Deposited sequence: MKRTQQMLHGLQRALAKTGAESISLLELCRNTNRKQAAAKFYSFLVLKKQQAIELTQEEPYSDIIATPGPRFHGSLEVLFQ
């Protein structure tokens, strides 16, 4: 989140990572949306997931 601060690509944050590091980033999108710190969008299944800053700011 801290480094993450305008929109964000999950598949770019996961450029060059392994499974455990990419699953970690994904799982963190869930918690950040939960914590309102972001909104997010996904066009179709298994497409890039896209985060714009959320009602509880950076």
Quiz prompt | Regions left out of the model, expressed as runs of the deposited sequence counted from 1 | solution = 1-7, 13-20, 74-81
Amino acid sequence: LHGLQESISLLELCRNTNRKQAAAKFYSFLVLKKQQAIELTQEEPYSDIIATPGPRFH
From here on, numbers count along this sequence of modelled residues.
Quiz item: Which has higher Cα B-factors on average according to the PDB entry: 20-28 or 33-41?
Solution: 33-41
Practice problem: Look over 42-50 and 6-14 in the entry and identify the one with the greater average Cα temperature factor. | Solution: 6-14
